[PDB]
Amino acid sequence: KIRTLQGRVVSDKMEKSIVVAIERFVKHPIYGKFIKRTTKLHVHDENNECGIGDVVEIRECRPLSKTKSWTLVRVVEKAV
Amino acid sequence: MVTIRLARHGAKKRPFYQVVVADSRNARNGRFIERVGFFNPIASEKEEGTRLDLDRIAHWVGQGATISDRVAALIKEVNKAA
Amino acid sequence: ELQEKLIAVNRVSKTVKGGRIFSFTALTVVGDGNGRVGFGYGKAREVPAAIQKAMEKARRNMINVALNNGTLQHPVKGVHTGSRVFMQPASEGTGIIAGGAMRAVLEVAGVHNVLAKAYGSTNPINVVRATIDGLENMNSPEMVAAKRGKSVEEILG
Amino acid sequence: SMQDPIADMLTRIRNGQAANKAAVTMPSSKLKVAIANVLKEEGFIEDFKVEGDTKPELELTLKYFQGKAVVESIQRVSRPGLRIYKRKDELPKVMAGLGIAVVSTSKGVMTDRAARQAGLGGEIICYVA
Amino acid sequence: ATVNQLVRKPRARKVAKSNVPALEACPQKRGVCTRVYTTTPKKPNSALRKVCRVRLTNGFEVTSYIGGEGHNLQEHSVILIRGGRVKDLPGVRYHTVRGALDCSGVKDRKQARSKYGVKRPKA
Amino acid sequence: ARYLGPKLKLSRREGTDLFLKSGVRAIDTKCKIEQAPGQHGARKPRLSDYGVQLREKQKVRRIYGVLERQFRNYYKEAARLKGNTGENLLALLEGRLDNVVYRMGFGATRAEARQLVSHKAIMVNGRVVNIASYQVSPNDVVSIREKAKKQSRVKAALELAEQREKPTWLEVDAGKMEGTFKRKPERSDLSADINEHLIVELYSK
RNA sequence: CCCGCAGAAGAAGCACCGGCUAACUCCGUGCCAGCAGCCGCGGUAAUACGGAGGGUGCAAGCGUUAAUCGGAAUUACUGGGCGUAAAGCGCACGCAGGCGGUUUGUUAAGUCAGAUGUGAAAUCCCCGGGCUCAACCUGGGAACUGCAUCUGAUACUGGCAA
RNA sequence: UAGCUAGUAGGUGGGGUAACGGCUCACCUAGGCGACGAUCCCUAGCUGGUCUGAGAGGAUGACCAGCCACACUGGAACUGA
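Residues numbered from 1 in each chain as written, not as in the entry; some residues may be left out. Chains lettered and ligands numbered in written order. Part of a larger assembly, values for the part shown. Heavy atoms only, no water.

### As for the overall build of chain D
- In terms of helices and strands, chain D carries three helices and seven strands.
- Scanning chain D from its N terminus toward the C terminus, one meets helices and strands in the order α-β-α-β-β-β-β-β-α-β.
- Against the globule reference of 14 Å for 129 residues, chain D gives a C-alpha radius of gyration of 14 Å, in line with a compact fold.
- Once the C-alpha set of chain D is aligned to its principal axes, its extents read approximately 40 × 35 × 25 Å.
- Here chain D holds 129 residues, and the buried ones make up 44% of them.
- Excluding contacts between residues fewer than 6 apart, the proportion of contacts in chain D whose partners are at least 24 apart in sequence is 61%. (Helix = DSSP H or I, 4+ residues; strand = E, 2+ residues; numbered from the N terminus. Rg over C-alpha atoms; globule rule 2.2 N^0.38 Å. Buried < 20%, exposed > 50% of the residue type's maximum accessible area, 1.4 Å probe, protein only. Contact = heavy atoms within 4.5 Å.)

Right, dumping it as structure tokens:
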């Protein structure tokens, strides 16, 4: 079984590659409130079947570009 | 090579060697892989002067580890029985 | 048997048509060393007249505090007008580790083993009243299991 | 704009015990009726009940021993601006264990002493020592 | 207050400025003592306080007080200064170590001799 | 170390008898106690509550002869130990063998009993020790060596201790001037006149 | 390490003493000389300066300076405030953000429990062992408050549906 | 210090490397990062730890161990696992 990260597409303007923001509730170190923190990731996808505002599962692969080391697995939750 | 050797600890004129598995390129008291026993030459004849994990050492020499000369004399004076 | 202790003496002033009139105010505490403490505050024109006027106010303002075999029952807070005394039972955390003007109100009540800290204004008149109401707000396990729970074994396991 | 109904429940108990009201009524809820059962089985209140069908009304009859309240202090620890969860080993003892802490564990709400012997921790709700 | 505001901007620790800014983390420095003179203190006191205007070896140029009763400083004496203000003189932050490198010990001290640097009246 | 000085003037500052000169002279008529710790000894101070914590530390130190940096390390090893810090502190001072052989009677004074350890004379479990600070384990014998024993008045310092207390957690025999160490003492066993609360409270400030 | 031998013989200072802060008088000096961490002492009877006697503290060290934390709840998460002491925007509307009534179902992200891998050794801590004791050295354990995966729990928070 | 970036961001293809990769070229697309702080400026070896503190924290990185960087200054490659 593989580490699969979910997240939502921010932008898709770059030709079989996509950027996905990932949210994580991290408890703050000092104060203790659970802060919502984002995490951007450049994700690869052949046959680029995704648009902006779209919940994607991604997984970590070998480096495919200067910034891309994550690749698409499947698209759930299609944008309207 | 990966060697099984001593590493001098203790005080001045009162040594304490710890038999240890390390890459031979490291320092004497430097980076090692795992500690596998100890040896006290100032043992004071009480109960203990040397304790070695023999099944853990024999695991290493079956992978290609090389036991150095002083600790090779230590596994002979344990005698593997008495 | 009714061990006393003098905390502080000030020299207060009055400023009348002639000059200024000096008076001395003595703050004392008394206690039996058993869980009964009271404090007095007397002022007079001489120092020994004030310290014995303050003992008489202290002997009739004694309150009963339930302490748990030389120490407190639970941690307690003690606010009174600028003093914010905190205490802790410190289960044979030996000694009265407490500040001045609180060290002496605890040693006459019979408390032997507190940890305590005075926050805020450490004025000796206010920190004495700050512990004394803080001591009487502390309640016993056999008196808190008199209103809720309703046996000592239930509230302590 | 009423963003914590649980702290509104403890505030009504606190103000009701201060004002020497004999009973306190509030809009009911599934969580309020749960932690009211913890206070009733522990002896801080008496005889809580729920009257109503669509807009139910939780009603608690407060407790007095002598001319004084029973809940001397009732604080709210995990307010919605800052949630507080605790493990099993650092569940708090309130007033040295002679006042309870209502913790919401995965087996329902219970006291801290009940959650220790059950072996699990959770979101601590209130110190009702 | 308001923990959600402290997340946005944490508690700014008040920085602490040093009180003797002649190369901090140095217990003493050395300077050449130009213009040894004497000045007058602030208002409730009155004396003639004997000061230097030493030029330190790091390039700073500060004033320093000379303790004890009577000194031997003359305009080029390379001395050793340390911390400690005087409160009576407007902007004298340093003392001279009496006993070090050009500053003789105070004549006929018999008490607190390690300050003012005199060596144990032998006979 | 060891203060070297007028050993009874320390007893006059604390106003008590610290048992520092009871060697051959029986009693302390020749001291003028309670009236002159110095030139102004006729005065009485108000003695603020820091001072009564200080004088309780200096009483306990001057009884056992321990100086401060060694006494502070006793407090650190009585804080981290289990139980009563004030009782562990007195139990550590009553475990040094210069105090132990004083308690066994081999020295008429704790200052003599430690100079009997600078005689290379006292011997526990076969070994000569030279260490006043040696903590004695509670199954032990101590003995005088054959060399520097029977030094007549040091033997006569032993019969002096039959007139003093005969403590509980010890035995002696005076056979070869031999003794043994039972359990560590209780708080009720020892002197029960000093307030170890004040020493524990002193180091917390 | 041990044995033997002239042998008390070769071996005690430094700071402080008005208050805080343990410990005092006398002489000298007269807002001078000076002290001083702070408050402040000194202008003819100085427990504050300088000697002396006496004392207190520590001790092969003792003071001073520098530096950091503490005390300082004086950056307050634990643990502070804002009528007049410093402090509520001149007043609204509002995007991002934070927070969210009530009921059921579901999900199991937060959360909780358990396990596994890891969290180097040394230090720190506990019970021991060895140097005549101690410092020191060392055995074993705990700890390393973490992170990741797995399997559960479903009260609460979030998601989704009504 | 509020905008930064043009091999910059991505794609295809060739080359290159022990190996993935704008690592390097040609071409095509016009992107990429940024108010959860990019860029710029000043300072700084990092960690296990140490000191302080009841703790949370604050300060710190001497010795000893792990990692990194450097070898008169600025470059470059050669040999070689």
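Additional details are given in the paragraphs that follow.
### A short note on the interface of chain F and chain C
- Every contact between the two is made by eight residues of chain F and, on the other side, seven residues of chain C.
- Inspection of the region where chain F meets chain C yields two salt bridges.
- Between C:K5 and F:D49 there is a salt bridge whose closest N-O contact spans 3.2 Å.
- On the surface where chain F and chain C come into contact, there are four residue pairs in polar contact.
- Listed by contribution, the elements that provide at least two residues to the side of chain F that touches chain C are helix 2 (49–64) and helix 8 (196–204) of chain F.
- Broken down by element, the residue count for the side of chain F that touches chain C peaks at three residues, all from helix 8 of chain F.
- Considering only residue class, the side of chain F that touches chain C consists of one nonpolar, five polar and two charged. (Salt bridge = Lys/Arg side-chain N within 4 Å of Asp/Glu carboxyl O. Polar contact = N/O pair within 3.5 Å; in protein donor to acceptor, adjacent residues only side chain to side chain. Nonpolar A, V, L, I, M, F, W, Y, C, P; charged D, E, K, R; others polar.)

### Considerations on the protein's contact with RNA strand G
- What surrounds RNA strand G is a group of 108 residues, the closest being E:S46, E:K50, E:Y65, E:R113 and F:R145.
- B:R14 places a polar side-chain atom, nitrogen or oxygen, 3.0 Å from a sugar or linking oxygen of RNA strand G.
- A distance of 2.7 Å is found between a sugar or linking oxygen of RNA strand G and a side-chain nitrogen or oxygen belonging to F:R13.
- A per-element tally of the surface near RNA strand G places helix 2 of chain F first, with seven residues.
- Considered class by class, the residues forming the surface near RNA strand G number 36 nonpolar, 29 polar and 43 charged. (Near = heavy atom within 4 Å.)

### Let's talk about helix 8 of chain F
- Within helix 8 of chain F, seven of the nine residues are buried, which leaves the element mostly enclosed by the surrounding structure.
- Every buried residue belonging to helix 8 of chain F is among F:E196, F:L198, F:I199, F:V200, F:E201, F:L202 and F:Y203, and all of these are buried.
- The inward-facing, buried residues of helix 8 of chain F abut helix 2 (103–107) of chain C together with helix 2, helix 3 (68–79) and helix 4 (85–93) of chain F.

### What to know about the domain arrangement of chain D
Residues and elements named next belong to chain D.
- Taken domain by domain, chain D holds domain 1 (1–71) and domain 2 (72–129).
- Contacts between the two partners involve 16 residues from domain 1 and, on the opposite side, 16 residues from domain 2.
- Summed over both partners, the interface of domain 1 with domain 2 buries about 1300 Å², with 74% contributed by carbon and sulfur atoms.
- Looking only at domain 1, the three residues that lose the most surface to domain 2 are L10, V38 and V71, adding up to 35% of its buried area.
- Connecting domain 1 to domain 2 are one salt bridge.
- The residue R76 makes a salt bridge to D4 at a minimum N-O spacing of 2.7 Å.
- Here domain 1 is connected to domain 2 by three residue pairs in polar contact.
- Secondary-structure elements contributing two or more residues to the side of domain 1 that touches domain 2 are helix 1 (5–18) and helix 2 (32–42).
- Looking at the side of domain 1 that touches domain 2, its residues break down into twelve nonpolar, one polar and three charged. (Domains from an automatic or database assignment. Buried area = accessible area lost by both parts, 1.4 Å probe.)

### Considerations on the interface of chain C and chain D
- At the junction of the two partners, chain C supplies twelve residues and chain D supplies 15 residues.
- In total, chain C and chain D occlude about 1100 Å² of area from one another, counting both sides; carbon and sulfur atoms represent 57% of this.
- At the junction of chain C and chain D, the tally comes to two salt bridges.
- As a salt-bridge pair, D:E42 and C:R148 come within 2.5 Å of each other at their nearest N and O atoms.
- Put simply, chain C and chain D have five residue pairs in polar contact between them.
- Counting only elements with at least two residues in the side of chain C that touches chain D, the list comes to helix 4 (141–144) and helix 5 (152–156) of chain C.
- Taken together, the residues of the side of chain C that touches chain D break down into four nonpolar, four polar and four charged.

### With respect to the nonpolar core
- Counting residues in hydrophobic clusters, the biggest one holds 27 residues, and the most contacted among them are C:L72, C:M87, C:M102, C:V105, C:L106 and C:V111.
- It is helix 3 (residues 124–136) of chain C that contributes the most residues to this core, five residues altogether.
- Once residues within four sequence positions are removed from consideration, C:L72 is found in contact with C:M87, C:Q88, C:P89, C:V111, C:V114, C:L135 and C:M138.
- Residues D:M26, D:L39, D:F48 and D:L62 belong to the second largest nonpolar core, which totals 24 residues. (Core = buried A, V, L, I, M, F, W, Y, C linked by side-chain atoms within 4.5 Å.)

### Here we look at unusual backbone geometry
- Unusually for a residue other than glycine, C:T81 sits at a positive phi of about 35°.
- Among the structural elements, C:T81 can be located in the loop between strand 5 (76–80) and strand 6 (83–88).

### Considering the pattern of salt bridges
- All chains considered together, the criterion is met by 32 salt bridges over all chains.
- A salt bridge links A:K36 to A:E23; the shortest N-O distance between them is 3.7 Å. With a gap of 13 residues between them, A:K36 in strand 4 (residues 34–37) and A:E23 in the loop between strand 2 (17–21) and strand 3 (24–27) connect regions that are remote in the sequence.
- Among the ionic pairs, C:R103 bridges to F:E201, the shortest N-O distance being 2.4 Å. With one member in each of two chains, C:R103 in helix 2 and F:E201 in helix 8 form a pair that bridges those chains.

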